Amino acid sequence: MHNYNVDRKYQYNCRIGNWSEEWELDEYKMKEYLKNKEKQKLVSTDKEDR
Amino acid sequence: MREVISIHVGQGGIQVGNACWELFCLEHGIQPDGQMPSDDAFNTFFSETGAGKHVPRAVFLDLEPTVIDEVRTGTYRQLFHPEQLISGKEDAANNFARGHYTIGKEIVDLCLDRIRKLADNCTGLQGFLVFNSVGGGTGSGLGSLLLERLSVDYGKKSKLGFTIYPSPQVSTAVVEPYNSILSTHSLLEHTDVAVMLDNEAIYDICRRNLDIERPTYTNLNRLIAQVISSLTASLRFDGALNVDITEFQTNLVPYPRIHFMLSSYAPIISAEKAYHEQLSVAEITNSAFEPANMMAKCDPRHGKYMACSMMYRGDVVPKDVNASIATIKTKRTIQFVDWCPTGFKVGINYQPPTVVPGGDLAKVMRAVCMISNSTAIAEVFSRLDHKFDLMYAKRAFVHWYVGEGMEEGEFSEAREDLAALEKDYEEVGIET
Amino acid sequence: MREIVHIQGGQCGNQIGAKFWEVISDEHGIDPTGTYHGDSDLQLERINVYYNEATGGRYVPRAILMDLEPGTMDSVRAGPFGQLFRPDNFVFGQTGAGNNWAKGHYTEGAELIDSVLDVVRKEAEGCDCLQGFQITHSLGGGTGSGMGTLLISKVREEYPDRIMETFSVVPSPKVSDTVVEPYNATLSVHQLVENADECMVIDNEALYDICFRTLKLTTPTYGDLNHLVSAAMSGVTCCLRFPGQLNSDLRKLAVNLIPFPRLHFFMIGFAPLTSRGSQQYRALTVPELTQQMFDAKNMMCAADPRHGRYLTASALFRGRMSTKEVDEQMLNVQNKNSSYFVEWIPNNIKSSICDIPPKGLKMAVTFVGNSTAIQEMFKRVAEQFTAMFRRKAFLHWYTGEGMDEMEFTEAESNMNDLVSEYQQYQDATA
Amino acid sequence: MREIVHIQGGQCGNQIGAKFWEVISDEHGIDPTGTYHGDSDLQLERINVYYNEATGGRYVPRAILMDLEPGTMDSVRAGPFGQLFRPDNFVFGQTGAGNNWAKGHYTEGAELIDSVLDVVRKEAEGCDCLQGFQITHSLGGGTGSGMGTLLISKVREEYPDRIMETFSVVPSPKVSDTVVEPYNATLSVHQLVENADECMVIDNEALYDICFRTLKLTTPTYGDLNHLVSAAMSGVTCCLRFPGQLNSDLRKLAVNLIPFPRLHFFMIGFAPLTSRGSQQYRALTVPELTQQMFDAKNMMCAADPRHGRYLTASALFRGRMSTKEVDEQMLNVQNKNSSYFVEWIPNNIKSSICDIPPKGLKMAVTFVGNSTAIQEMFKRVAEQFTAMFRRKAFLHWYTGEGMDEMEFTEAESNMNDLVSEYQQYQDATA
Amino acid sequence: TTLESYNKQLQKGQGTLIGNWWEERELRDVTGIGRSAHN
Ligand SMILES: Nc1nc2c(ncn2[C@@H]2O[C@H](COP(=O)(O)OP(=O)(O)OP(=O)(O)O)[C@@H](O)[C@H]2O)c(=O)[nH]1
Ligand SMILES: Nc1nc2c(ncn2[C@@H]2O[C@H](COP(=O)(O)OP(=O)(O)O)[C@@H](O)[C@H]2O)c(=O)[nH]1
Ligand SMILES: Nc1nc2c(ncn2[C@@H]2O[C@H](COP(=O)(O)OP(=O)(O)O)[C@@H](O)[C@H]2O)c(=O)[nH]1
Ligand SMILES: [Mg+2]
């Protein structure tokens, strides 16, 4: 019966609706952030570098 | 001293020609670099450069540069003459009108010049072999116009056409019937013998024998290459009954209009099931005439037979050949037309089939390739004509041809000529 | 080498092309400075199709940007990958259109089109063998719907033999922005059926439902819609740029997808599209691709394709696969849905294969189709046009620059005309 | 040259063949790769009886493996000597019968039998000189008990004049592994009596008693049971495959063992059998071989041979020995126990001698006996069957797949009449 | 005629005893290659 797009929406921490998708999207954002840390292409690491 | 000239036009034609040349250079012991390691039975397909390497007697044509340049970047880049890999500028885009009336002339002159120069070096030209896909614009148009030009330039010389027609239900394009009938009409009066090379039958064969559930064009091309090699092995290897390329135009064509033929090959077995099988002459002959083994999607039980040419290679023995053919004649499910009491030409070669590494076929000691002329082939023409006129009744897609410089009436005489052909085929089958 | 050139106008076309060029540079391995750092030799033999070569070892897109206001160009230039386009290809006005077709097509368009025509002619004669034209624009705005169609007519009369694709963002009734959209929509679309060899329709409402049902993204922005459009448009020209077993160009698409000269409106789709979750939980196989690609709710158009019948369709598979499986899937799907395909033409589906999958993917499918259900959109737009035309609302803004109700009358009349001959094939039986 | 084709179906038959072929192979000196490595020229002398030669000189058994579930052959292929079997002959189902005789003989079988009948026809026509057929199966398992007897019927239909041999593992009530033995067993035997030229019954409990008492080994296994059966069977056809003083083929045994066309059920035995601990004390002599052979407990069937009178007996000896000793010992065992031989058929023992003994043994004996003792097995299975059928338990499953109680009634009546006229001759006097 | 068949290449010995085994035996004994030397 679970329905998405329910008017006011809290953060991903609560379980009101569509929490899994947004949480795993945020997780993949962190994961690609880890990948950009793994391969030395970070704009910051350039900034402190110069 | 005896050799033929190979023509590969169209994307399918070039993709099958490249595979067959792989097979031939592997068989004659020539590496892709082009020189024999050294660690006169090749004059048929290669000519010495004077010292070292060799060059094939083949030419490749295509309007779009993708295949030609990708081959130029392939591993055979040092094999072919750099200037005989002719490519155009714009693809024909499945349009017979573009390939026959607008852009062909700018390339066919150079092509015929190349053919002349290639023939000049040779001394024993036996004929031409041509490979094309009919259901394609550039293939159909260029092949038709080249056949027309060759018919007037050389004339009496024999020409064999291994054409890939569209399959009955499975097909890629929608406009294929148009250029199919146009190319069929064009080649009817210019091709000495035509060979059916559809794809659905090959899919069925490879799925049932090789147990392959995900085949691609490579397997089909390798099978066709094996067929060609088995057909032409007689011209370059010793055998009990050597058969020349000219021994088709005298044995398999009762009338000048009926020259369309369909083939079969045996055996077709993978590498794990080979060691557990008999592979005897009688069994390999019986497996040839079964109706799912026919290389084209057509039922042979729906029509008579007119001529059959069977070529054996290996340790084949005429005793066993005669026993098998006698059993076949005794068998009732296959019947020949009344006015043809004898209807078989058999050839024997001592060279067993060669095996490519990494291929699906296994190393096999005995093999036979069969060519059949049957009146049941009118079924494919009938179905193609029906698919034609169903959508031609309301003049669909006709603007794409008429606006390219093509007159609108050609479809009428094409229809009439194929109709006359189908009356010919149904009338020949009547008893005398 | 049978290359094509890009022209884009208006804010919408500017954004679409901006993201498309980023994508194409991405799978061609080109940095924002225009330097090649790819890994393959396979990304350089066809680089001339979209990029010209300049001094310093860099490559430049052959795209020209036109509009009546420099704000959009100043934004896109400051945006990422904005250094690729040459400053010489920016042609902009200083007044604007104000969502009025007459201003952009009669008064300011005529006086401004000279420069863009000159630059496009220069760039066209620069190349060796030009293949065709592609335009990306929206019909609900003023400047786009005016100058785009005027330039289409001009280049069509200049090069009659070449082919032209257009990617049209038509106004959706559900999600509206301006109360005058159907007017300039009808005026522009009246001039496409005589020039454009191929038109392919896109709806922002359709993109929104796609992203919110399938992708399940909470707060989508225009970046997502632009990116979906870019991927779908890019998937078309893969055959001409990469090797494969079945190469098929724009002309082959035209000849195999156009039954009659006035039936050049298409509806397109992309696969595989899936949300964040099952992306590693589901297997990408050609049966799944062909099951998902024919889904009605997979469409990028508000037209619902199960209310009519397909005339012709074509699919451009990418990645390594087996041809027999492709053919058998196509045959089976054509057989199970005989009611949804017109009967008097046999085997009305085209298949092409390419050996290069996209970035981060292993198999992809791009679909184009000619279906009789697209006329619903034209019915709604014509109904709205007639409804607000009977009261003659806001017609003074148009008639104040040399326009009359007569050309409106031929526009709506041709709309009803095309509707009639596009629906009468739906029930046609042999 | 008077050759026989092997056909096996069901799990039990597959397991039996899995070691029967191993015994044949190591007796003929054939490695698991199909390459002969024997020492005696008599090894290849009549290798025709069971093998075929393919190109390269490798040998393949002419056994056809059949079942309704592929797990059995998937297991036996990885086992030793699993490479001999030709991959094409494997015929397996997709659903399974679940020990339902109606399912295995009417629904799944009627569809599956086409491939197996085609391949057995091919094998029969390929062989120059066909002697007959031999089949291995169990009357308690559904798929075997159904499809095997169906194949019996059809094969006998096209080959009425050839000899056919059935290896039936009939269930005993002491060691019961399944609940529906009465139904499918009586249904199988009803058809089997009408079409079986020879049928030999094997009891697993009798095998187990033999291995526990005579061999005196602590932990018996299905491997040892299968080994016993395979040795017994190689004993049957050693005389047909090797020279001897007096050869007697399968048709010889059929003529000399069956007095009336319907009494064709046999019990078998093998000798000598000794434990590993006592093998060095025993001295192998014809008298003690015969004493062990005619032992009541040495028979591989539950029936008490001293509970009835022998209709006839047959003994095949292997190894070099004097025939006068054989004949005098036969006369001694006949006249000493004249109480257990029916009087109106004097000289009711066939004796055969083969000059090649099994490897590792200097003499060996195999025994086949047609006696009245088998009647109690049918009486007891009849009691179990009627206990099943009075309350109609487990019956709707059978009748819901085309069956009716008429078939059960006629089958039980036929088997009851079989028992009655089988015991009729026990008390018949001259 | 179903010769060869179940008798493949073998040198010396009494053979397999099917077909013309007797007749090939003496040929093989008097001269190498009992049957149809390979080409
Ligand atoms: N069997 C087989 N058929 C092929 C192959 N390649 C192309 N074809 C056939 O060719 C037909 C389509 O024409 P193409 O060969 O792709 O293209 P073309 O012949 O060069 O003509 P254009 O498309 O106008 O360039 C298909 O229907 C196939 O049947 C191949 O590798 N094997
Ligand atoms: N997909 C997409 N649609 C857009 C974008 N920008 C504007 N639109 C659509 O275009 C419509 C407005 O068109 P408009 O800008 O007035 O056209 P113009 O005057 O010719 O530039 C709106 O309804 C939007 O939905 C974009 O970046 N992507
Ligand atoms: N000799 C022997 N008998 C077996 C073996 N496995 C099972 N059985 C017997 O077979 C009977 C069951 O037969 P079943 O497996 O149902 O036959 P199926 O239905 O054709 O597979 C049991 O009573 C067992 O005693 C075996 O490996 N060897
Ligand atoms: Mg092509």
# chains A, B, ... in the order shown; residues from 1 in each chain; ligands from 1
call {"tool": "closest_atom_pairs", "arguments": {"of": "chain B", "to": "chain D", "cutoff": "7 Å", "atoms": "only C-alpha atoms", "output": "JSON lines"}}
result
{"residue": "B:273", "atom": "CA", "partner": "D:87", "partner_atom": "CA", "distance": 6.9}
{"residue": "B:275", "atom": "CA", "partner": "D:54", "partner_atom": "CA", "distance": 6.5}
{"residue": "B:276", "atom": "CA", "partner": "D:86", "partner_atom": "CA", "distance": 5.9}
{"residue": "B:277", "atom": "CA", "partner": "D:54", "partner_atom": "CA", "distance": 5.7}
{"residue": "B:278", "atom": "CA", "partner": "D:54", "partner_atom": "CA", "distance": 5.2}
call {"tool": "residues_near_ligand", "arguments": {"ligand": "ligand 3", "cutoff": "6 Å", "atoms": "only C-alpha atoms and all ligand atoms", "output": "list in words"}}
result
residues 10, 11, 12, 15, 99, 138, 140, 141, 142, 143, 144, 171, 177, 204, 222, 225 and 226 of chain D
call {"tool": "write_last_selection", "arguments": {"atoms": "N, CA, C and O atoms", "output": "CSV table (one decimal), in the first residue's frame"}}
result
chain,number,residue,atom,x,y,z
D,10,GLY,N,15.3,-45.5,-15.8
D,10,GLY,CA,15.1,-45.4,-14.4
D,10,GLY,C,16.4,-45.4,-13.6
D,10,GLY,O,17.4,-45.8,-14.1
D,11,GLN,N,16.3,-44.8,-12.4
D,11,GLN,CA,17.4,-44.7,-11.5
D,11,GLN,C,18.1,-46.0,-11.2
D,11,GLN,O,19.3,-46.2,-11.3
D,12,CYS,N,17.2,-47.0,-10.9
D,12,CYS,CA,17.8,-48.3,-10.5
D,12,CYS,C,18.5,-49.0,-11.7
D,12,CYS,O,19.6,-49.5,-11.5
D,15,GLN,N,21.8,-47.2,-12.2
D,15,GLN,CA,22.9,-47.6,-11.3
D,15,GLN,C,23.4,-49.0,-11.6
D,15,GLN,O,24.6,-49.3,-11.5
D,99,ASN,N,7.3,-41.4,-9.0
D,99,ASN,CA,6.7,-42.8,-8.7
D,99,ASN,C,5.2,-42.9,-9.0
D,99,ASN,O,4.5,-43.6,-8.3
D,138,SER,N,13.4,-51.4,-12.1
D,138,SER,CA,12.8,-51.8,-10.9
D,138,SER,C,11.3,-51.6,-11.0
D,138,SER,O,10.8,-50.6,-11.5
D,140,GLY,N,9.3,-51.1,-8.5
D,140,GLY,CA,8.8,-50.2,-7.5
D,140,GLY,C,8.9,-48.8,-7.9
D,140,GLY,O,8.1,-48.0,-7.3
D,141,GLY,N,9.7,-48.4,-8.8
D,141,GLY,CA,9.9,-47.0,-9.2
D,141,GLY,C,8.9,-46.6,-10.3
D,141,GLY,O,8.8,-47.4,-11.3
D,142,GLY,N,8.3,-45.5,-10.2
D,142,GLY,CA,7.2,-45.2,-11.2
D,142,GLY,C,7.7,-45.0,-12.6
D,142,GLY,O,7.2,-45.6,-13.5
D,143,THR,N,8.7,-44.1,-12.8
D,143,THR,CA,9.1,-43.8,-14.2
D,143,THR,C,9.7,-45.0,-14.9
D,143,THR,O,9.3,-45.3,-16.0
D,144,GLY,N,10.5,-45.8,-14.2
D,144,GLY,CA,11.0,-47.0,-14.7
D,144,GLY,C,9.9,-48.0,-15.0
D,144,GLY,O,9.7,-48.4,-16.1
D,171,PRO,N,10.2,-55.4,-5.3
D,171,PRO,CA,10.4,-55.0,-3.9
D,171,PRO,C,9.9,-56.0,-2.9
D,171,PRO,O,9.0,-56.8,-3.2
D,177,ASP,N,11.1,-49.2,0.7
D,177,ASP,CA,11.6,-47.8,0.5
D,177,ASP,C,10.5,-46.9,0.0
D,177,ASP,O,10.8,-45.7,-0.2
D,204,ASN,N,16.7,-56.9,-3.3
D,204,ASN,CA,17.7,-56.2,-2.6
D,204,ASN,C,18.0,-56.8,-1.2
D,204,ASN,O,19.1,-56.9,-0.7
D,222,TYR,N,25.4,-50.2,-1.9
D,222,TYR,CA,24.8,-50.3,-3.2
D,222,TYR,C,25.9,-50.6,-4.3
D,222,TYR,O,25.6,-51.3,-5.2
D,225,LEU,N,26.2,-54.4,-4.0
D,225,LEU,CA,25.1,-55.0,-4.6
D,225,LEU,C,25.1,-55.0,-6.2
D,225,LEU,O,24.9,-56.0,-6.8
D,226,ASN,N,25.5,-53.8,-6.7
D,226,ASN,CA,25.6,-53.6,-8.1
D,226,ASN,C,26.7,-54.5,-8.7
D,226,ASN,O,26.6,-55.1,-9.8
call {"tool": "residues_near_ligand", "arguments": {"ligand": "ligand 1", "cutoff": "7 Å", "atoms": "only C-alpha atoms and all ligand atoms", "output": "PyMOL selection string"}}
result
(chain B and resi 10-12+15-16+62-64+91-95+132-139+164-166+171-173+198-199+217-218+220-221) or (chain C and resi 245-248)
call {"tool": "write_last_selection", "arguments": {"atoms": "N, CA and C atoms", "output": "mmCIF file, in the first residue's frame"}}
result
data_model
loop_
_atom_site.group_PDB
_atom_site.id
_atom_site.type_symbol
_atom_site.label_atom_id
_atom_site.label_comp_id
_atom_site.auth_asym_id
_atom_site.auth_seq_id
_atom_site.Cartn_x
_atom_site.Cartn_y
_atom_site.Cartn_z
ATOM 1 N N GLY B 10 29.131 -5.537 -51.310
ATOM 2 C CA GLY B 10 28.175 -5.510 -50.228
ATOM 3 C C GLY B 10 28.806 -5.884 -48.899
ATOM 4 N N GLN B 11 28.146 -5.451 -47.822
ATOM 5 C CA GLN B 11 28.685 -5.684 -46.487
ATOM 6 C C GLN B 11 28.731 -7.174 -46.167
ATOM 7 N N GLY B 12 27.651 -7.898 -46.460
ATOM 8 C CA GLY B 12 27.674 -9.339 -46.273
ATOM 9 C C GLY B 12 28.697 -10.018 -47.163
ATOM 10 N N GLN B 15 32.128 -9.426 -45.657
ATOM 11 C CA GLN B 15 32.297 -10.162 -44.412
ATOM 12 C C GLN B 15 32.426 -11.663 -44.619
ATOM 13 N N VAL B 16 31.829 -12.222 -45.666
ATOM 14 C CA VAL B 16 32.035 -13.640 -45.939
ATOM 15 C C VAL B 16 33.318 -13.870 -46.727
ATOM 16 N N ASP B 62 32.672 -1.569 -51.678
ATOM 17 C CA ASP B 62 31.673 -1.137 -50.713
ATOM 18 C C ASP B 62 31.623 0.381 -50.723
ATOM 19 N N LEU B 63 30.418 0.923 -50.580
ATOM 20 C CA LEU B 63 30.220 2.366 -50.618
ATOM 21 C C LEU B 63 30.578 3.061 -49.313
ATOM 22 N N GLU B 64 30.401 2.405 -48.179
ATOM 23 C CA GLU B 64 30.743 3.038 -46.912
ATOM 24 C C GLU B 64 32.098 2.544 -46.429
ATOM 25 N N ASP B 91 27.134 5.799 -48.236
ATOM 26 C CA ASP B 91 26.446 4.519 -48.240
ATOM 27 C C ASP B 91 25.181 4.597 -49.086
ATOM 28 N N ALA B 92 24.839 3.475 -49.723
ATOM 29 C CA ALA B 92 23.644 3.433 -50.558
ATOM 30 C C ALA B 92 22.361 3.489 -49.746
ATOM 31 N N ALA B 93 22.420 3.145 -48.459
ATOM 32 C CA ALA B 93 21.272 3.239 -47.559
ATOM 33 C C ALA B 93 20.095 2.408 -48.066
ATOM 34 N N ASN B 94 20.362 1.132 -48.338
ATOM 35 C CA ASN B 94 19.341 0.149 -48.700
ATOM 36 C C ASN B 94 18.525 0.566 -49.919
ATOM 37 N N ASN B 95 19.019 1.513 -50.707
ATOM 38 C CA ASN B 95 18.280 2.062 -51.836
ATOM 39 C C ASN B 95 18.901 1.557 -53.129
ATOM 40 N N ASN B 132 27.515 -11.381 -52.745
ATOM 41 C CA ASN B 132 26.741 -10.187 -52.432
ATOM 42 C C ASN B 132 25.492 -10.550 -51.641
ATOM 43 N N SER B 133 24.959 -9.548 -50.946
ATOM 44 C CA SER B 133 23.663 -9.648 -50.294
ATOM 45 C C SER B 133 22.625 -8.902 -51.117
ATOM 46 N N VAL B 134 21.612 -9.630 -51.572
ATOM 47 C CA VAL B 134 20.604 -9.057 -52.457
ATOM 48 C C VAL B 134 19.732 -8.043 -51.730
ATOM 49 N N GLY B 135 19.394 -8.304 -50.471
ATOM 50 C CA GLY B 135 18.499 -7.426 -49.742
ATOM 51 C C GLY B 135 19.155 -6.159 -49.233
ATOM 52 N N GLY B 136 20.223 -5.727 -49.904
ATOM 53 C CA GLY B 136 20.897 -4.502 -49.540
ATOM 54 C C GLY B 136 21.090 -3.620 -50.757
ATOM 55 N N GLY B 137 21.025 -2.313 -50.516
ATOM 56 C CA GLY B 137 21.109 -1.340 -51.586
ATOM 57 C C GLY B 137 22.384 -1.416 -52.398
ATOM 58 N N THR B 138 23.520 -1.136 -51.754
ATOM 59 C CA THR B 138 24.788 -1.131 -52.475
ATOM 60 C C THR B 138 25.100 -2.501 -53.054
ATOM 61 N N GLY B 139 24.887 -3.558 -52.277
ATOM 62 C CA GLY B 139 25.151 -4.898 -52.753
ATOM 63 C C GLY B 139 24.384 -5.197 -54.018
ATOM 64 N N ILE B 164 23.062 -13.849 -51.053
ATOM 65 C CA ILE B 164 22.359 -13.957 -49.774
ATOM 66 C C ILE B 164 21.013 -13.262 -49.941
ATOM 67 N N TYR B 165 19.951 -14.052 -50.050
ATOM 68 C CA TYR B 165 18.597 -13.528 -50.110
ATOM 69 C C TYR B 165 18.035 -13.313 -48.711
ATOM 70 N N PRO B 166 17.004 -12.483 -48.579
ATOM 71 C CA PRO B 166 16.324 -12.360 -47.287
ATOM 72 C C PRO B 166 15.627 -13.653 -46.894
ATOM 73 N N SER B 171 13.898 -11.126 -40.853
ATOM 74 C CA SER B 171 14.582 -10.190 -41.732
ATOM 75 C C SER B 171 14.840 -8.915 -40.948
ATOM 76 N N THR B 172 15.832 -8.151 -41.400
ATOM 77 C CA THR B 172 16.232 -6.941 -40.693
ATOM 78 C C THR B 172 15.520 -5.697 -41.222
ATOM 79 N N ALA B 173 15.527 -5.476 -42.534
ATOM 80 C CA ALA B 173 14.936 -4.271 -43.092
ATOM 81 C C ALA B 173 13.515 -4.549 -43.578
ATOM 82 N N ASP B 198 20.389 -18.004 -47.821
ATOM 83 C CA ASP B 198 19.601 -17.421 -46.741
ATOM 84 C C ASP B 198 20.251 -17.675 -45.378
ATOM 85 N N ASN B 199 19.629 -17.123 -44.329
ATOM 86 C CA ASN B 199 20.217 -17.186 -42.992
ATOM 87 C C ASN B 199 19.411 -18.036 -42.013
ATOM 88 N N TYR B 217 27.216 -13.932 -37.013
ATOM 89 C CA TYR B 217 27.508 -14.029 -38.437
ATOM 90 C C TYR B 217 28.815 -14.761 -38.704
ATOM 91 N N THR B 218 29.708 -14.826 -37.716
ATOM 92 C CA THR B 218 30.999 -15.463 -37.940
ATOM 93 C C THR B 218 30.837 -16.940 -38.266
ATOM 94 N N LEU B 220 28.210 -18.424 -39.551
ATOM 95 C CA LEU B 220 27.593 -18.546 -40.865
ATOM 96 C C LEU B 220 28.626 -18.345 -41.962
ATOM 97 N N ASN B 221 29.471 -17.324 -41.807
ATOM 98 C CA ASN B 221 30.492 -17.050 -42.807
ATOM 99 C C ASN B 221 31.502 -18.184 -42.885
ATOM 100 N N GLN C 245 28.448 -4.953 -37.033
ATOM 101 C CA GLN C 245 28.046 -5.891 -38.074
ATOM 102 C C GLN C 245 27.027 -5.285 -39.028
ATOM 103 N N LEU C 246 26.117 -4.452 -38.522
ATOM 104 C CA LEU C 246 25.052 -3.858 -39.335
ATOM 105 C C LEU C 246 25.134 -2.343 -39.174
ATOM 106 N N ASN C 247 25.845 -1.695 -40.088
ATOM 107 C CA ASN C 247 25.907 -0.242 -40.083
ATOM 108 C C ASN C 247 24.694 0.342 -40.800
ATOM 109 N N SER C 248 24.154 1.417 -40.233
ATOM 110 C CA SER C 248 22.925 2.014 -40.749
ATOM 111 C C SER C 248 22.977 3.509 -40.480
#
call {"tool": "residues_around", "arguments": {"residues": "range 21-26 of chain A", "least_positions_apart": "2", "cutoff": "7 Å", "atoms": "only C-alpha atoms", "output": "PyMOL selection string"}}
result
(chain A and resi 12+18-19+28-30) or (chain C and resi 276-277)
call {"tool": "write_last_selection", "arguments": {"atoms": "N, CA and C atoms", "output": "compact mmCIF listing (two decimals), in the first residue's frame"}}
result
# COMPACT_ATOMS: atom_id res chain seq x y z
N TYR A 12 15.98 11.33 4.86
CA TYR A 12 16.05 9.91 4.55
C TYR A 12 16.00 9.04 5.79
N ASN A 18 9.87 6.43 0.10
CA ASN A 18 10.95 6.59 -0.86
C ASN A 18 12.27 6.89 -0.16
N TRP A 19 12.43 6.39 1.06
CA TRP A 19 13.64 6.63 1.82
C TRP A 19 14.80 5.79 1.30
N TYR A 28 25.78 6.12 -2.86
CA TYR A 28 26.58 6.05 -4.08
C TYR A 28 27.34 7.35 -4.32
N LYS A 29 26.77 8.48 -3.89
CA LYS A 29 27.52 9.73 -3.96
C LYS A 29 28.78 9.65 -3.10
N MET A 30 28.65 9.13 -1.88
CA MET A 30 29.84 8.94 -1.06
C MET A 30 30.80 7.94 -1.70
N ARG C 276 18.05 3.50 -9.04
CA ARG C 276 19.26 3.19 -8.28
C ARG C 276 19.28 1.78 -7.69
N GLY C 277 18.13 1.24 -7.31
CA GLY C 277 18.10 -0.02 -6.58
C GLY C 277 18.58 -1.22 -7.36
call {"tool": "select_by_dssp", "arguments": {"residues": "range 212-396 of chain B", "states": "helix (DSSP H, G or I)", "output": "NGL selection string"}}
result
:B and (217-236 or 281-286 or 300-302 or 318-330 or 375-392)
call {"tool": "atom_distance", "arguments": {"atom1": "CA of residue 64 in chain D", "atom2": "CA of residue 365 in chain B"}}
result
26.5 Å
call {"tool": "residues_around", "arguments": {"residues": "residue 231 in chain D", "least_positions_apart": "2", "cutoff": "9 Å", "atoms": "only C-alpha atoms", "output": "MDAnalysis selection string"}}
result
chainID D and resid 20 23:24 226:229 233:236 270 358
call {"tool": "write_last_selection", "arguments": {"atoms": "N, CA and C atoms", "output": "mmCIF file, in the first residue's frame"}}
result
data_model
loop_
_atom_site.group_PDB
_atom_site.id
_atom_site.type_symbol
_atom_site.label_atom_id
_atom_site.label_comp_id
_atom_site.auth_asym_id
_atom_site.auth_seq_id
_atom_site.Cartn_x
_atom_site.Cartn_y
_atom_site.Cartn_z
ATOM 1 N N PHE D 20 27.635 -52.622 -14.376
ATOM 2 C CA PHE D 20 27.660 -53.712 -15.346
ATOM 3 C C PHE D 20 28.611 -53.392 -16.490
ATOM 4 N N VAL D 23 32.181 -53.711 -15.304
ATOM 5 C CA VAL D 23 32.620 -55.102 -15.268
ATOM 6 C C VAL D 23 32.954 -55.591 -16.669
ATOM 7 N N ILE D 24 32.086 -55.294 -17.639
ATOM 8 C CA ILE D 24 32.368 -55.683 -19.018
ATOM 9 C C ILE D 24 33.672 -55.054 -19.492
ATOM 10 N N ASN D 226 25.469 -53.788 -6.705
ATOM 11 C CA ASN D 226 25.589 -53.639 -8.146
ATOM 12 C C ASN D 226 26.693 -54.532 -8.691
ATOM 13 N N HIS D 227 27.796 -54.658 -7.950
ATOM 14 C CA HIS D 227 28.886 -55.523 -8.384
ATOM 15 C C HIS D 227 28.430 -56.973 -8.459
ATOM 16 N N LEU D 228 27.659 -57.419 -7.467
ATOM 17 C CA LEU D 228 27.133 -58.778 -7.493
ATOM 18 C C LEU D 228 26.250 -58.993 -8.712
ATOM 19 N N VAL D 229 25.346 -58.047 -8.971
ATOM 20 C CA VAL D 229 24.444 -58.192 -10.110
ATOM 21 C C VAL D 229 25.233 -58.223 -11.414
ATOM 22 N N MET D 233 25.541 -61.153 -14.256
ATOM 23 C CA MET D 233 25.100 -60.961 -15.632
ATOM 24 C C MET D 233 26.211 -61.262 -16.628
ATOM 25 N N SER D 234 27.440 -60.842 -16.326
ATOM 26 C CA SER D 234 28.567 -61.231 -17.166
ATOM 27 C C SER D 234 28.691 -62.746 -17.250
ATOM 28 N N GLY D 235 28.347 -63.448 -16.167
ATOM 29 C CA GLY D 235 28.336 -64.899 -16.217
ATOM 30 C C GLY D 235 27.357 -65.454 -17.232
ATOM 31 N N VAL D 236 26.238 -64.761 -17.448
ATOM 32 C CA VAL D 236 25.225 -65.257 -18.375
ATOM 33 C C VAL D 236 25.761 -65.289 -19.799
ATOM 34 N N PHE D 270 25.031 -66.700 -8.009
ATOM 35 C CA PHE D 270 26.418 -66.661 -8.450
ATOM 36 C C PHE D 270 27.301 -67.375 -7.438
ATOM 37 N N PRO D 358 36.295 -65.820 -15.215
ATOM 38 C CA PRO D 358 36.461 -64.399 -14.900
ATOM 39 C C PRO D 358 37.865 -64.111 -14.402
#
call {"tool": "residues_around", "arguments": {"residues": "residue 102 in chain C", "least_positions_apart": "3", "cutoff": "12 Å", "atoms": "only C-alpha atoms", "output": "PyMOL selection string"}}
result
chain C and resi 96-99+105-110+141-147+150+183-184+187-188+395-404+407-408
